[PDB]
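Colleague: Provide a 3D model corresponding to the input given below.
(chains A and B, ligands or ions: 3)
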Amino acid sequence: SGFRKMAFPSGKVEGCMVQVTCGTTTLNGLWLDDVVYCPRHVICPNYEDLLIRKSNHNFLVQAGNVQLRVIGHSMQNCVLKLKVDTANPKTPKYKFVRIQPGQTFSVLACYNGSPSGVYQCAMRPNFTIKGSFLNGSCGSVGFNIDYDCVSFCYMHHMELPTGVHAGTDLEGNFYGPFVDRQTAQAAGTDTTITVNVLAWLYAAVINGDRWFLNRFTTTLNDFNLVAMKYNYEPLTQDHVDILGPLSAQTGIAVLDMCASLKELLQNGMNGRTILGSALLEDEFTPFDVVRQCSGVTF
Amino acid sequence: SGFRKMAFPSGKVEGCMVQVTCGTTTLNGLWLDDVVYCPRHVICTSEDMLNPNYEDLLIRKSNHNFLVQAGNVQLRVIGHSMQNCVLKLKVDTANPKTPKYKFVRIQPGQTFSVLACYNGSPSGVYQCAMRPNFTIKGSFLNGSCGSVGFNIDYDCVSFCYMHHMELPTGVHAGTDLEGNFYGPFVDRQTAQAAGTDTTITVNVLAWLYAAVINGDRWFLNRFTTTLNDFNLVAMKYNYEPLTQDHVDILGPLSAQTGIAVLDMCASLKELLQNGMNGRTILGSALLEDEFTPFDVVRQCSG
Ligand SMILES: C[C@@]1(C(=O)Nc2cncc3ccccc23)CNc2ccc(Cl)cc21
Ligand SMILES: [Cl-]
Ligand SMILES: [Cl-]
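Modeller: Residues are numbered from 1 along each chain as shown, chains lettered A, B, ... in the order given. Ligands and ions are numbered 1, 2, ... in the order given. What follows is the structure:
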């Protein structure tokens, strides 16, 4: 029993964290094979012009107490790729994957190439992450683990004025309408990840919390009209299908659970809690709930 | 900016997780140097569990009865001993991934990261606190026994917990790495119940200071309180008494935010009386008590 916000074991990613220093700026880099990936703003804008003025010896890469020698540099979108002479012997089986909003991933927060913490979070529908980052965290990465393969999905670039965070996939493409420059940028109005709230309601049922269940069912049309009204993301047939296993395990159809969520939105919790929370949690995907309530290992 | 429930990077602990099998029971072990630590109940059947005599059951075991697996390699047990509720299996290979480590026993309110494992394989990492009733509110399934709680301050892993059991309420009980249980619990299937849980007051105040540091000030008020008046009010909401030790510990956060401890205590009294009124503090509609004063400073400063 128990339901916790749980991150993937960070070991395979810790072996890849290095410190990248260029001029006065120090941030984190991801060392995979003979390449170190990091935010291109470490060179700080006309990034092609600024990068052409840099030489390999301008970038100081440190892996533990060992300095790696940079033998090449290139830019792919907002990520800088520093070719090094030594392949990381701790390189795990990995992929670069771009995730969708509502998808969750673990963040290994680093400072000076050293991992300091690990937390689980979701790519908000407004493409920001509500992370926890101090100055020097840039280059910290977000990932998932699929069997024994680390899928790198995020690299931290900046903090928006509201305290939320923005970054790119490992190909340097930003999540959201953000740019890597000091300019007026604002996160759009956020919405709730509906499929994730339903997955979390199924996790609560699996854990014995049933007070919110009701005799009612609804249609995807009637539910989405209510979802739009309460700044909840539309629930697609894809989402209903993904919730299928949890629906079969708990005996509560997805539209039956949707009627529970509909009542929770129109009436509130009434002093009650679900899994120790007075708010509806939306940072557990249907796959996270299955993984945690069945015991998948890495 | 931002405030998250954050666990320590689990890498140093992952390299120590192994699978321990004795008879029909399979659970997790912690492999440090040439010793594998695991709950001693691995030597029990479900029949032995009501009133087990562990000295008697262990004397009947031989080294070849314990099968230890580190990845796809079987380790050879060359000795076995029991220290309180932990079984120590001496092995013929020192773990090359052994980090710098310590065994530390923590007090209620202290937080730690848990690396949840099944069959010697890490499946997840989360943040916990030792509840005042000495249980932990974990996320554990059958087979998680032997999963450990730790803190990684600097480059040394301080092992503070090993999971042993789930109480009837879904809360969890375990021991330090010396086999001493936290709480009035025993490693038997006898009727055991967690005492009434209370909110960790010093941790809630630390979390209110974290919210002030992050720009949330709505809950602040012009009032102060005596320590005794605060405790008379807090006790009524099932909150732990706040000691002078706790007030002293909150000192640095009080200096950083400019809000005296007894002044923040008056905000807490008001929050307990009024509730949140549709508002949230650091994205939470409840008062969070699983961040210590040390966690807040580490997260909000480095
Ligand atoms: C092995 C056992 C135990 O609590 N296992 C579990 C431990 N953690 C989570 C679980 C969830 C679901 C079922 C079991 C779980 C069984 N009864 C008992 C009694 C005493 C001791 Cl010291 C250990 C145990
Ligand atoms: Cl004992
Ligand atoms: Cl302690």
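Colleague: report the separation between residue A:224 and ligand 1.
Modeller: According to C-beta to the nearest ligand atom, to the nearest Å, residue A:224 stands 37 Å off from ligand 1. (C-beta placed from N, C-alpha, C; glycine too.)
Colleague: let me see the contact set for that residue.
Modeller: A:234, A:235 (C-beta atoms under 8 Å, 6 or more residues apart in numbering or on different chains).
Colleague: what does residue A:114 give?
Modeller: A:17, A:19.
Colleague: next up, the contacts around the closest residue to ligand 3 within the stretch 51-200 of chain A.
Modeller: Of all residues in the stretch 51-200 of chain A, residue A:117 sits closest to ligand 3, at 19.0 Å by C-beta to the ion. Residue A:117 sits next to A:108, A:109, A:132, B:6, B:7, B:8, B:9, B:299 when contact means C-beta under 8 Å, 6+ apart.
Colleague: how about the strands in the stretch 51-200 of chain A?
Modeller: Along the stretch 51-200 of chain A, counting by DSSP state E, counting those that start in this stretch, strands occupy A:59-63, A:66-68, A:70-76, A:79-84, A:93-96, A:104-111, A:114-122, A:141-146, A:149-159, A:165-168.
Colleague: and the fourth one, which residues are buried?
Modeller: Right, the one you point to is strand A:79-84. A:79, A:80, A:81, A:82, A:84 (16 or more other C-beta atoms under 10 Å in any protein chain shown).
Colleague: export those as a markdown table, with columns for distance to chain B.
Modeller: Formatted as a markdown table, the buried residues of strand A:79-84 follow (distance: C-beta to the nearest C-beta, whole Å):
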| residue | distance to chain B |
| --- | --- |
| A:79 | 22 |
| A:80 | 24 |
| A:81 | 24 |
| A:82 | 23 |
| A:84 | 21 |
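Colleague: give me the subset of these that also touch ligand 3.
Modeller: Among the buried residues of strand A:79-84, not one lies near ligand 3 by C-beta under 5 Å from the ion.
Colleague: want to throw the strands of the stretch 51-200 of chain A into TSV with distance to ligand 1?
Modeller: Converted to TSV, the strands of the stretch 51-200 of chain A look like this (distance: least, C-beta to the nearest ligand atom, whole Å):
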stretch	distance to ligand 1
strand A:59-63	38
strand A:66-68	41
strand A:70-76	46
strand A:79-84	42
strand A:93-96	31
strand A:104-111	23
strand A:114-122	21
strand A:141-146	23
strand A:149-159	28
strand A:165-168	35
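Colleague: on that earlier part again, bridged to the residue of the stretch 51-200 of chain A closest to ligand 3, which residues?
Modeller: Taking DSSP bridges as the rule, residue A:117 bridges to residue A:109.
Colleague: residues from the stretch 101-250 of chain A in reach of chain B?
Modeller: By C-beta under 8 Å from any C-beta of the partner chain, the part of the stretch 101-250 of chain A that sits against chain B consists of A:108-109, A:111, A:115-119, A:121, A:130-134, A:136, A:159, A:163-165, A:207-208.
Colleague: among the residues you listed, name the buried ones.
Modeller: Buried among these (16+ other C-beta under 10 Å): A:108-109, A:111, A:115-119, A:121, A:130-133, A:136, A:159, A:163-165, A:207.
Colleague: what kind of secondary structure is residue A:260 in?
Modeller: Put simply, residue A:260 is helix when judged by DSSP: H, G, I helix; E, B strand; the rest coil.
Colleague: what sits against it?
Modeller: Applying C-beta under 8 Å, 6+ apart, we find residue A:260 in contact with A:201, A:212, A:213, A:214, A:216, A:252.
Colleague: do the same with residue A:141
Modeller: Counted by C-beta under 8 Å, 6+ apart, residue A:141 has contacts A:13, A:28, A:30, A:107, A:108, A:152, A:154, A:155, A:156, A:170.
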